[PDB]
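A quick write-up on the structure given underneath.
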There are 2 protein chains.
Amino acid sequence: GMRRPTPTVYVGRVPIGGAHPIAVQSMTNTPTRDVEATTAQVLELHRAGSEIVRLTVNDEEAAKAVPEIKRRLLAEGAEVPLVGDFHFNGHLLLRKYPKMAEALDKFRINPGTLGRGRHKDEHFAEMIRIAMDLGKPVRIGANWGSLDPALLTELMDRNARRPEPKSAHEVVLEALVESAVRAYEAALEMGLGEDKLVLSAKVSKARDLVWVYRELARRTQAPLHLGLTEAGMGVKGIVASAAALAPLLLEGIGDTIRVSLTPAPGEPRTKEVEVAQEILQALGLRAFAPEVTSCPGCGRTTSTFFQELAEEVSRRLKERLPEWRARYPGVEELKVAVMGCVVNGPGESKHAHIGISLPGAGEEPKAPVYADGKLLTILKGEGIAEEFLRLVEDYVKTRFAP
Amino acid sequence: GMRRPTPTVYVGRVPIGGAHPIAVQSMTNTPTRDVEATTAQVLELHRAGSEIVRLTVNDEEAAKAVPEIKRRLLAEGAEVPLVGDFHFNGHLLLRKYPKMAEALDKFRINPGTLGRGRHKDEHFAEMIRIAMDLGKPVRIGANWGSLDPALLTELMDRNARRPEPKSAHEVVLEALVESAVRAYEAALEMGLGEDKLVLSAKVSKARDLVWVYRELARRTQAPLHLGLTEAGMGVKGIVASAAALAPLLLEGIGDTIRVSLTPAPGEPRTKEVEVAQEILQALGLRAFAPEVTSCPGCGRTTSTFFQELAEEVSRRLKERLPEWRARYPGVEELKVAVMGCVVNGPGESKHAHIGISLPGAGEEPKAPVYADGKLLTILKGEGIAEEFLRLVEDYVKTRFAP
Ligand SMILES: C[C+](CO)[C@H](O)COP(=O)(O)OP(=O)(O)O
Ligand SMILES: C[C+](CO)[C@H](O)COP(=O)(O)OP(=O)(O)O
Ligand code: SF4
Ligand code: SF4
């Protein structure tokens, strides 16, 4: 499909923009002052597949901790770029702690959390000046939870002058886009390079996000950071995130993504990285790991045996991945089918790299295996699972041989 | 947004089509012969919100059980329409067991599982004849796991004659659409009403599904049953389902949906109904239950307290829903915010019906609550959670009073 062309912005060693794979990022939830906790969580997130990690730089204690966090990450060869999240006092922290400024790989600015009235433009310029001095890229990140009140008022008035005014909600979305686009144009006029600017403008409802990002994509040339903000907890958060991003990503809009889930108490922060990966992979945009295609099962197959086989295949693939990723470049693209009966079993299996079709009700007790679209063997008896996994291993060795 | 206009097809008492809410359906996985197990699961699915329930009618024993299943459902006032899923021997079962034919509310036919060569058209006509006799609606449901081989061959040849032939994969998608569209046109020519025909053409990859359904929507006037077939297990299944459907639903394509997840061993079959609901609600197309908007939390808030509050609010809303749904019509639209700090807390809360913003790091220990966009109160001390839930209850009573 189409991918929107953009200049390349390097965030540390990671390039983002239309010429590069869409990058997965995340954000810590440890207090940034706590150097031990924050370093450990940055590493955890990076190991799960966060190519870029953001951390809040909220107060002086946080700022003073950043250089030590960066130092520890580098000591273990962990080249993970760090993004500093600034609100209200970004200009003061970057001025007062130049070592923190230099240790970050990117600054995030929010045009609605710069200061009130006259403070705004001066605080903005000071942060942009510092980024230009140190050669750092910046994300200008608008969020409708912190929308600039004076800009909203300006656009509400323009709207009230229209022959047919739009709803309050539509004007809020207009204002959000305008906040980002105006600050983008200001930073460029100040001399920040096109290769140093990423944009976002996040809302918490899927259909609104699609409208906003279509506007941003039309009105600017910058790489876009895409996310549904405040997506929430559990299945609701996951579904909403996937639903909001998909229409945009299929249209070629978006260069980096973050999934904004509320973790359940005791649930790992890495869940959001796993979801981000699954969105990109489901849309054919990146490949992170082999995936199992399996039917829901119905009354045509025995539910327990089928469900346990599919689960067993999935678990084994996950167990082998670290090894396979090292020996068999390209293996991330592998598609394995596990199907419940003859209705769609063979056909789906033939569309996979390798697939097995169980015998359902009414059929003789044997399971055909297909690979590269043709019959490979027919399994029977116990250890169907072990025999199929051995076939998958052998197929991987042969196809993804260096 | 846009909704594609279509005639209305009644599936039992449930209308589907462009004038009606998008209907959620599911499918049993019990052996249909087992009357007790199947009835119980139909009820379970319906209670979770499956407006229509499909069951496989695969052999003579299944067919003989359907009338008794329908009888038991009606005895408890459970008006849930049943869809019969037929493959290979549909024509024989419908002819041989007219009581089963009459007990179903809809027949599903697959144009790739009718029989080979010459059998196809005669088996198709016999099933359509029976549906016309009994006034039953039919879904003509194509699936790329069971694609008609002779049609594929026909389209592969047409493709090989093109000045620039398309890939094998693109021709498969062409053939899938063609299978559904041709059978649609055949059924109409036989005299089945436009008010009796629903179409589907499912594939297991998201970007392919979007292409297919855009073609179906253009080429036919029928209500469309939308689903990503064989979506698989766990988070992968959920994400893929949401990602595939969203672009279509936002464009106004789709009149009923089914989510095709593989259950984990021991996991309830109702999970797919919950996911379907969440997709529709995330896109603003239906409202099933109040939803909590919450931030991911970062280093600006204390992670445990915030995460436990958000979880507590969610659990309480879920506890009250059966009652609230009965007393407060419209309450399904309720949006509650639970936010971690002052950065986006107030703003997001003001966009909700009612929201609370916790104090983060550096702030005085108090939590503003907003309702209908303005400050309602400020909470402090212990029992913030209980006090906020009491405010949510009071807000619901006042706004959603009959
Ligand atoms: C981190 C904080 C600052 O706006 C937000 O509340 C949550 O993060 P998010 O959903 O990734 O949204 P942002 O890109 O930070 O605007
Ligand atoms: C039930 C069976 C018949 O094609 C499939 O394997 C799975 O169900 P599904 O994903 O809902 O797809 P269908 O609408 O049944 O084609
Ligand atoms: S492949 Fe067979 S068992 Fe699986 S859902 Fe389809 S028809 Fe049912
Ligand atoms: S609202 Fe505050 S605590 Fe929550 S994610 Fe945003 S900045 Fe962090």
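Naming convention: chains lettered A, B, ... in sequence-line order (proteins, then strands); numbering from 1 in each chain. All ligand and atom numbering here is 1-based and tracks the order in the structure. Just so you know, these numbers use all the heavy atoms, side chains as well, and skip hydrogens, waters and symmetry mates.
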Proximal atoms of ligand 2 relative to [X] (non-hydrogen, under 4.0 Å):
{"X": "B:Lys202", "value": "9 (P), 11 (O), 12 (O), 13 (P), 14 (O)"}
{"X": "B:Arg139", "value": "14 (O)"}
{"X": "B:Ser260", "value": "9 (P), 10 (O), 11 (O)"}
{"X": "B:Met27", "value": "1 (C)"}

Using the rule side-chain contact (heavy atoms from CB on, under 4.5 Å), only one of B:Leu216, B:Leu176, B:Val177, B:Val203 pairs with B:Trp211; which is it?
B:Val177
Stepwise, does the side-chain hydrogen bond (donor to acceptor under 3.5 Å, both in side chains) test hold for A:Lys202 with A:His225?
CA-CA 9 Å; A:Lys202 299 190 190 169; A:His225 172 136; 3.0 Å; yes
So which protein heavy atom does [atom] come closest to, and at what separation?
{"atom": "atom 8 (O) of ligand 2", "result": "B:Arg258 NH1, 3.2 Å"}
{"atom": "atom 2 (Fe) of ligand 4", "result": "B:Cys341 SG, 2.3 Å"}
{"atom": "atom 1 (S) of ligand 4", "result": "B:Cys295 SG, 3.7 Å"}
{"atom": "atom 12 (O) of ligand 2", "result": "B:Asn143 OD1, 3.4 Å"}

Do we see a donor-acceptor contact under 3.5 Å between the side chains of [X] and [Y]?
{"X": "A:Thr38", "Y": "A:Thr30", "answer": "yes"}
{"X": "A:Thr229", "Y": "A:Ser204", "answer": "no"}
{"X": "A:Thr56", "Y": "A:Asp85", "answer": "no"}
{"X": "B:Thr256", "Y": "B:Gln25", "answer": "yes"}
{"X": "B:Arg258", "Y": "B:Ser26", "answer": "no"}

So, 4.0 Å and heavy atoms of A:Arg300: is ligand 2 close enough to count as a contact?
no
Under 4.0 angstrom from ligand 2, any heavy atom of A:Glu348?
no
side-chain hydrogen bond (donor to acceptor under 3.5 Å, both in side chains) between A:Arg269 and A:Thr28: does it pass, once the steps are laid out?
CA-CA 8 Å; A:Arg269 186 53 158 203; A:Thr28 50; over 6 Å; no
Using a heavy-atom cut-off of under 4.0 Å, does the side chain or the backbone of [X] touch ligand 2, or both, or neither?
{"X": "B:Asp85", "value": "side chain"}
{"X": "B:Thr229", "value": "both"}
{"X": "A:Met339", "value": "neither"}

Out of B:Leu55, A:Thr301, A:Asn344, B:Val259, who gets a non-hydrogen atom closest to atom 2 (C) of ligand 2?
A:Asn344
The one among B:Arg108, B:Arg54, B:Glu230 that brings a heavy atom closest to atom 16 (O) of ligand 2:
B:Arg108
Is the shortest distance from a heavy atom of B:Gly360 to ligand 4 less than 4.0 Å?
no
Whether A:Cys298 has an N, O or S atom under 2.8 Å from atom 2 (Fe) of ligand 3:
no
Run the salt-bridge test on A:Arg33 and A:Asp59 with the 4.0 Å N-O cut-off and return the result as yes or no.
no
Taking C-beta and beyond as the side chain, do B:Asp148 and B:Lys120 meet within less than 4.5 Å on heavy atoms?
yes
Under 3.5 Å, is there a donor-acceptor pair between the side chain of B:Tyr184 and the main chain of B:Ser179?
no
